[PDB]
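Peer 1: One structure, as structure tokens, below. Some questions next.
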Amino acid sequence: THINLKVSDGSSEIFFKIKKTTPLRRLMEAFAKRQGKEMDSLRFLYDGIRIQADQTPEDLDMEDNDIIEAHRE
Amino acid sequence: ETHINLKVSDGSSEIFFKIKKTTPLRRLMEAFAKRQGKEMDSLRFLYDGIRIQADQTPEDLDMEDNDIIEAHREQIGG
Amino acid sequence: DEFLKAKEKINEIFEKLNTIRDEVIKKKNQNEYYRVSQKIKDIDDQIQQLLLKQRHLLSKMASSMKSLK
Amino acid sequence: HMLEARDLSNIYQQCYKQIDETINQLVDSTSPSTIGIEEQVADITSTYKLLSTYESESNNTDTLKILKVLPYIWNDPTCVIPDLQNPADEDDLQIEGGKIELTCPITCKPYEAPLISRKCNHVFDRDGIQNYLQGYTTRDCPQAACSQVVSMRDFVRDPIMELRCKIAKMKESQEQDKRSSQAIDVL
Amino acid sequence: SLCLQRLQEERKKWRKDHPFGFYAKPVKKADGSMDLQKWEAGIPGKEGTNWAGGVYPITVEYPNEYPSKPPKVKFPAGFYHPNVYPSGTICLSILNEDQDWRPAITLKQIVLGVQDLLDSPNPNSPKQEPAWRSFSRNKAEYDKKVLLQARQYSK
Ligand SMILES: [Zn+2]
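Chains as they are written, first to last, in the entry's author numbering: chain E, 22 to 94; chain D, 21 to 98; chain B, 329 to 363, 740 to 773; chain A, 23 to 81, 140 to 267; chain C, 3 to 157.
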């Protein structure tokens, strides 16, 4: 139906909810501007793989309480 | 105030504590240990990356409430 | 004698308690079958009534053992 | 007399075993989950206390343990118990306890058959210990930093965990976290 | 089968709780299928050490009797550290059947245990000979080779 994703900056872990079928762009920016930081300032990981744009969580076999790291540059 | 709220986890289960700022952490380690069913010497404790010493009280380390202590397995390399 | 009618009394309690377990299980099945909405709660509620019976039976059982010396 | 004495204790065991089965069944099949169960345990506790009392003269049991833990297991199955009991001014109480995880350390799956050790208190799934104690008759406890050595012969069926697991599986059957207020729903 | 179920849950626990910077997943075999007995992992270096900015690959090869017998862990080909073997193998005490391994040891406990040994090389038990000569001879340039291997590994 709709799953829950913990996004970790490093200290704080702002925690979100998306339809399994939603391109992870949306979550990415949600976090981004909840941080005020602009997007291409940020890198979002999962299983050490850079998450790309169109990828829905349904693809990546995500579940309730999975963690998505967020690094910079 | 005078007491503080410490969280002491080991990577699986975690145990909250209330502690007078002046209680030496001997009794806390001992507590977590004898409570977990684990042996003292076969553990090391870390408050913010400091290997805590047994008779060092919480305001010596300027702890605050909801701070965390990690209990890892005392290990070595070779 | 009194000792004995007490003993046979207890066994009656035990077996009463057992058939009540079965009943409960059975209706806990009737409910895990989840069967628009009314009977579900209805069944579930009878179940509640049965747990009462259980707690009460244990009650009898216990005080009943004051008389075996 | 010896036969009669032992025979009596037989009856009392079945009584306790009977309390066990009711308690188990009580939790394994409840619908509303608040402080309405408090009256449940109350009756059950008193009954037990009474029963135990009579036995004391007549002729410990886990049931008691179970009973003094159950209220907590209710509010949160993963609770650690403020088991440290305020000896005067123990000013380092082990308050609120906290959280434990309900997955066997060996199988790394949740518990389907808890089996508490007796040299320590380490709870492992039956399938776990049985696979671990295969071949070797004695091995170090599979929990880390535990020195007591352990054979297959040192384990009893743990009721505490069975509850905590039964509670927990119920305490999600309906809803685990629901619509978490902290779950920003991304449109 | 229990070894395998163990690993399957292990994976999803990792995904739910794992130290920031680290990563771990199993590898695909020639089929396209998952080899739950072989894993890729990356261990980041502690900030403020010459190992900082470095994120170092190790593989974990789990035996068939995991968790009875613990897994072997390998850094690359010829990794430069006093306690890595020239074969890239490392042997941590908790990673040792004969020493302290138990079936309750978290993967998280293992990665953390490794990265701690990165800037805490125990000199009482050297496992390589270039890395140890330089660690006692002159850390001056040891640190230098450390920094090249550090920078090396930020792909
Ligand atoms: Zn043990």
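Heads up, the beta-carbon is just placed ideally off N, CA and C, and yes, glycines get one too.
Starting from the beta carbon of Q7 (chain C), find every residue of chain A whose beta carbon is closer than 9 Å, and list them in chain order.
Peer 2: Per Cβ cutoff of 9 Å: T187, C188 and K189.
Peer 1: Give the secondary structure of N166 (chain A) by DSSP, where H, G and I count as helix, E and B as strand, and everything else as coil.
Peer 2: Correct three-state label for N166 (chain A): coil.
Peer 1: For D30 (chain D), which of D:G98, D:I96, D:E90 and D:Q95 has the nearest alpha-carbon?
Peer 2: Per the Cα distances, D:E90.
Peer 1: Under a CB-based cut-off of 8 Å, is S767 (chain B) close to chain A?
Peer 2: So yes, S767 (chain B) belongs to the interface.
Peer 1: Measuring only from the beta carbon, is residue 783 (chain B) closer than 7 Å to any heavy atom that is part of ligand 1?
Peer 2: Residue 783 (chain B) falls outside the range modelled here, since chain B spans only 329 to 773, and no answer is possible.
Peer 1: Check each candidate in B:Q753, B:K743, B:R759 and B:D746 and name the one with the smallest Cα separation from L345 (chain B).
Peer 2: The shortest Cα separation from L345 (chain B) among B:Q753, B:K743, B:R759 and B:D746 belongs to B:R759.
Peer 1: Under 7 Å from any heavy atom of ligand 1, does the C-beta of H23 (chain A) make it?
Peer 2: Not under cutoff, so the answer is no.
Peer 1: Quick one: which residues of the region 25–40 of chain E get their C-beta closer than 7 Å to a C-beta of chain C? List them in chain order.
Peer 2: If the cut-off is 7 Å between Cβ atoms, the region 25–40 of chain E has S29 and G31 near chain C.
Peer 1: Going by alpha carbons, who is nearest to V160 (chain A) out of D:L63, D:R55 and D:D85?
Peer 2: When each option's Cα is compared against that of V160 (chain A), the closest is D:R55.
Peer 1: Can at least three beta-carbon pairs, one atom from the region 73–89 of chain E and one from the region 70–86 of chain C, be found at a separation below 8 Å?
Peer 2: No, they do not touch.
Peer 1: Between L195 (chain A) and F235 (chain A), which are expected to be in contact by the criterion C-beta below 8 Å, what is the C-beta distance as a whole number of angstroms?
Peer 2: Indeed they touch by this definition, with Cβ atoms about 4 Å apart.
Peer 1: As a quick check of your reading: which residues have a C-beta less than 7 Å from at least one non-hydrogen atom of ligand 1, in chain order?
Peer 2: Result: D:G57, A:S197, A:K199, A:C200, A:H202, A:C221, A:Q223, A:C226, A:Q228 and A:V230.
Peer 1: Which same chain residues, not among the five before or five after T43 (chain E), have their C-beta less than 8 Å away from its C-beta?
Peer 2: Closer than 8 Å at the Cβ level, and outside the excluded window around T43 (chain E), lie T77 and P78.
Peer 1: Beta carbons nearer than 8 Å to chain C: which residues of the region 189–219 of chain A have them?
Peer 2: Answer in chain order: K189, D207, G208, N211 and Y212.
Peer 1: Can you list, in chain order, the residues of its chain whose CB lies under 7 Å from that of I88 (chain D), leaving out five sequence neighbours each side?
Peer 2: So the qualifying residues of the chain are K27 and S29.
Peer 1: Alpha carbon to alpha carbon, how far is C37 (chain A) from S74 (chain A)?
Peer 2: Going by the C-alpha atoms only, they are around 10 Å apart.
Peer 1: How big is the Cα-Cα spacing for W134 (chain C) and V148 (chain C)?
Peer 2: If I take the Cα positions, the gap works out to 12 Å.
Peer 1: Interface residues of chain E around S260 (chain A) at Cβ under 9 Å?
Peer 2: Residues of chain E passing the Cβ test: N25, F36 and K38.
Peer 1: For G57 (chain D), which residues in chain C fall below 7 Å Cβ to Cβ?
Peer 2: What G57 (chain D) touches in chain C: nothing, since even the nearest Cβ is about 11 Å away.
Peer 1: Just to confirm, is the Cβ distance from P105 (chain C) to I186 (chain A) under 8 Å?
Peer 2: Closer than 8 Å, so yes.
Peer 1: Could you tell me whether any Cβ in chain D is nearer than 8 Å to the Cβ of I247 (chain A)?
Peer 2: Answer no: the Cβ-Cβ gap between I247 (chain A) and chain D never drops below 8 Å.
Peer 1: Kindly provide the ranges of any beta strand (DSSP E) runs that are 3 or more residues long and lie completely inside the region 33–96 of chain C, ordered along the chain.
Peer 2: Qualifying beta strand (DSSP E) stretches, in chain order: 36–46, 57–63 and 74–76.
Peer 1: May I ask you to verify whether the region 344–361 of chain B touches the region 753–768 of chain B, counting CB pairs closer than 8 Å and requiring at least 3?
Peer 2: Yes: at least three Cβ pairs fall under 8 Å.
Peer 1: Tell me which residues share the same chain as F22 (chain C) and place their Cβ nearer than 6 Å to its Cβ, disregarding the 5 neighbours each side in the sequence.
Peer 2: Nothing meets the Cβ criterion.
Peer 1: Find the residues of chain C that neighbour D68 (chain E), judging by a C-beta separation of less than 7 Å, and give them in chain order.
Peer 2: Near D68 (chain E) (Cβ distances below 7 Å), the residues of chain C are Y25 and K27.
Peer 1: If we define contact as Cβ-Cβ less than 8 Å, is residue 283 (chain B) a contact residue for chain A?
Peer 2: Nothing about residue 283 (chain B) can be read from this structure; chain B reaches only from 329 to 773.
Peer 1: Considering only residues of the same chain and omitting the five flanking positions on each side of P88 (chain C), which have a CB-CB separation below 7 Å?
Peer 2: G80 and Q130.
Peer 1: Going by C-alpha distance, which of A:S227, A:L144 and A:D265 is nearest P239 (chain A)?
Peer 2: Nearest of A:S227, A:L144 and A:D265 to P239 (chain A), Cα basis: A:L144.
Peer 1: Return the first residue and the last residue of the beta strand (DSSP E) that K39 (chain A) is part of.
Peer 2: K39 (chain A) -> not in any beta strand (DSSP E); alpha helix (DSSP H) instead, spanning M24 to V49.
Peer 1: Taking 8 Å as the CB-CB cut-off, is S227 (chain A) touching chain B?
Peer 2: It does not; no Cβ of chain B falls within 8 Å.
Peer 1: What does the alpha-carbon distance come out to for the pair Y144 (chain C) and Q154 (chain C)?
Peer 2: If I take the Cα positions, the gap works out to 15 Å.
Peer 1: Within the region 175–250 of chain A, note down every full beta strand (DSSP E) run reaching 3 residues or more, in order along the chain.
Peer 2: For the region 175–250 of chain A, whole beta strand (DSSP E) runs of length 3 or above, ordered along the chain, are 194–197, 203–205, 218–220, 229–231 and 235–237.
Peer 1: Would you kindly check if the distance between the Cβ of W16 (chain C) and the Cβ of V29 (chain C) is under 8 Å?
Peer 2: In this structure, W16 (chain C) does not lie closer than 8 Å to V29 (chain C) by Cβ.
Peer 1: Pull up the DSSP beta-bridge partners for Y144 (chain C), would you.
Peer 2: Paired residue(s): none; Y144 (chain C) is not in a bridge.
Peer 1: Is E351 (chain B) near ligand 2, judged by its Cβ being under 7 Å from some heavy atom?
Peer 2: With respect to ligand 2, the structure offers nothing, as its ligand set consists of ligand 1.
Peer 1: Using a Cβ-Cβ cut-off of less than 8 Å, give me the residues of the region 35–69 of chain C that come near chain A, in sequence order.
Peer 2: If the cut-off is 8 Å between Cβ atoms, the region 35–69 of chain C has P69 near chain A.
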